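A lone chain, given as structure tokens: the form deposited in one PDB entry.
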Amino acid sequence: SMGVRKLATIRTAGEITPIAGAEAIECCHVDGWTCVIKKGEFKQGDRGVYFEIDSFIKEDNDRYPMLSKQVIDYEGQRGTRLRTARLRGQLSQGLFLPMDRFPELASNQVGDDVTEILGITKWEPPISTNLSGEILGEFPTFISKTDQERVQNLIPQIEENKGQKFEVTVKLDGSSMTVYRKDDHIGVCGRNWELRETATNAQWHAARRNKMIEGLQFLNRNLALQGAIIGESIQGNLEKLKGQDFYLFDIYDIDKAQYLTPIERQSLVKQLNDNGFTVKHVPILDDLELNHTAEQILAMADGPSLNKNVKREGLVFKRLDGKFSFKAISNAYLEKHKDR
């Protein structure tokens, strides 16, 4: 999977191209991103600070006067959130600023995470937590979480893993949920917390309707089923589904501290289905053998979702051996959904 994000990093300008009719700016490639810069601000190879989309940059007319016209109030604090945008027709994601405006980074690395050095934080869309009335404990220390790295940041490795095969799945928009078994206890979790079973609780309800608690009693293993519950009253219900339901996308072997490879996870889901435990998986598309650009897999990211009449958030790719994974988020979808 992944760890936690490096919102502000020192990188190097890739290929720099003109922007038609707008010749006070130019298009700058930062490794897998395209990002609009002022003319002559960089030349290919010069170092700068790259802030990815979803960065939150507090208001500062000394370092970020060019952010002065997108100032919002976020969580009670005033600043600018970097989001995918189209400027003079050019798709632009992130902010790339020269090194000479950040004296405190002169000693610093290429690849350095200076997110906290520069006080930048991650912006997130509003989310309704559960209440403290159903919270159970903390999301178990012994279970991996769901995050995936973006293809835009893995351009050297997309070249070194060339030739390998990938399970490709649709990334759905929902709330994170984990149903796990450690030896005698079975638990249900949100993204950050474990939940107590009530008949009313939505995660427990979904776990009890697809019967995945009884599936983990049946499998008699210490496993964590990880996915999203998506549907009505969950974060836009962007697939328009009836009700709510759990869609599995990974299985964590608690005992081995590792994820089942796609065919193991696929070998384990059917078994559940074959024994009457109707556990859903995110839509699985055809395996693909790596022979592609970062830009072209991103082209594959656009498309229909589980609701094929809806635009998908993207696709996820992890190699059949399970030792390298990434997501490619559809930029078409990001451009359409501006609270995302």
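We call the rigid core the largest set of C-alpha positions that still match within 1.5 Å between the two forms. One-based numbering along the sequence shown.
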Out of 157-165 and 243-251, which stretch has the higher average CA B-factor listed in the record? 157-165
Higher of the two mean Cα B-factors (117-125, 103-111; per PDB record) comes from 103-111
When you compare the CA B-factors of 184, 194, 214, 147 as listed in the entry, which one comes out on top? 147
Check the PDB entry and point out which of 190, 174, 89, 98 has the largest C-alpha temperature factor. 98
Going by the CA temperature factor in the PDB record, which third of the chain does residue 338 belong to: lowest, middle or highest? middle
Could you tell me which third, lowest, middle or highest, the C-alpha B-factor of residue 236 occupies within its chain? middle
Which third of the chain does residue 304 land in by C-alpha B-factor: lowest, middle or highest? highest
How does residue 29 rank on Cα B-factor within its chain, lowest, middle or highest third? middle
Based on the deposited C-alpha B factors for this chain, I'd like to know if residue 178 is in the lowest, middle or highest third. lowest
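The form deposited in another entry is left out here; the points below concern that form.
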A Cα shift of 2 Å or more between this form and the one not shown, after fitting the rigid core, is seen among 153, 108, 161, 130 only at 130
Superpose on the rigid core, then tell me if the C-alpha of residue 198 is displaced by 2 angstroms or more between this form and the one not shown. yes
Kindly indicate if, in the other entry, the C-alpha atoms of residue 253 and residue 129 are closer or farther apart than in the structure shown, bearing in mind the change is 3 Å or more. farther
Between residue 129 and residue 226, does the Cα distance in the other entry come out closer or farther than in this form, changing by 3 Å or more? farther
